[PDB]
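Take a look at the structure set out below.
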Amino acid sequence: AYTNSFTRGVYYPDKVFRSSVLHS
Amino acid sequence: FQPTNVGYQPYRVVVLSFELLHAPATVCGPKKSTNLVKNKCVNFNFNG
């Protein structure tokens with residue numbers, strides 16, 4: 001079978017704390 | 001390789017590759033640690 005992923009499966013790219021910010 | 005050979009002599013090699021990642025550090029230089037001092041202005045070195 002098959003299904004839509006939706007917006008799941010994001011992960012923290014590095015061991016650096018960041019907060020109240022948008023990072024690319 | 002024969003001992004009479006410089007460009008044709010055997011050279012032993014070691015290459016050290018260093019990871020400077022965001023992770024906790026794991027291999028350190030021999031620098032002696034010292035006590036933390038909060039609220040004062042300090043020169044500091046955490047893990048390098």
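In the structure tokens, chains take letters A, B, ... by order of appearance, with residues numbered from 1 within each chain and ligands from 1 in the order shown.
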Could you produce a table of the residues of chain B lying within 9 Å of chain A, with the nearest pair of atoms per residue and their separation in Å rounded to one decimal, using only C-alpha atoms, ordered by chain and increasing residue number, as a tab-separated table?
```
residue	atom	partner	partner_atom	distance
B:21	CA	A:15	CA	8.5
B:22	CA	A:15	CA	5.4
B:23	CA	A:15	CA	5.8
B:24	CA	A:15	CA	8.8
```
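Pairwise distance (CA of residue 30 (chain B), CA of residue 45 (chain B)) equals 13.1 Å.
Across the model, the gap from CA of residue 18 (chain B) to CA of residue 36 (chain B) is 27.1 Å.
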Point-to-point distance from CA of residue 32 (chain B) to CA of residue 14 (chain B), Å rounded to tenths: 27.3 Å
